[PDB]
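Residue-level listing of the chains:
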Amino acid sequence: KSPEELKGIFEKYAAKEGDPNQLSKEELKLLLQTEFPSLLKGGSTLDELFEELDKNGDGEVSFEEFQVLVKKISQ
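Residues numbered from 1 in each chain as written, not as in the entry; some residues may be left out. Heavy atoms only, no water.

If you check the header, you'll see the entry was determined by solution NMR.

See the structure below:
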């Protein structure tokens, strides 16, 4: 794999609502659930999680901030 794949996957869910550049809170859920259920190697409340992830989304996440997830899958 490569970042491009993770970008494609990010885009895959971002494309549902709120433009393919952003992951809505509700969208991240489905994404993580399909793509990283085990890889999250933890779990927490949607708000807390998406908020940790939301470096500067303040409505929706984006590939930019989602790199924190990309880091934590190996965590």
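Formed by 16 residues in total, the largest nonpolar core has its most connected members in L23, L28, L31, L32, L53, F66 and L69. Within the residue set of this core, elements represented by two or more residues are α1 (3–14), α2 (25–35), α3 (46–53) and α4 (63–72). (Core = buried A, V, L, I, M, F, W, Y, C linked by side-chain atoms within 4.5 Å. Buried < 20%, exposed > 50% of the residue type's maximum accessible area, 1.4 Å probe, protein only. Helix = DSSP H or I, 4+ residues; strand = E, 2+ residues; numbered from the N terminus.)

Bringing the UniProt feature "domain: EF-hand" in the protein into the picture now. As recorded in UniProt, the feature "domain: EF-hand" lies at residues 9–44 and 41–75. Across residues 9–44 one finds 47% helix and 8% strand; the C-alpha atoms that close the span lie 22 Å apart. (UniProt positions renumbered as here; feature names shortened; annotations may be inferred.)

Moving on to the packing of aromatic side chains. Applying the stated criterion to the full structure yields four aromatic pairs. Three or more aromatic residues joined by ring pairs make a cluster, and in this case those are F10, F36, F63 and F66. One cation-aromatic arrangement involves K7 over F63; the distance from NZ or CZ to the ring centre is 5.9 Å. Of note, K16 hangs over the ring of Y13, and the distance from its end group to the ring centre comes to 5.6 Å. (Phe/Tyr/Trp six-rings, centres within 6.5 Å; stacked < 30°, edge-to-face > 60°. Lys NZ or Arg CZ within 6 Å of the ring centre and 35° of its normal.)

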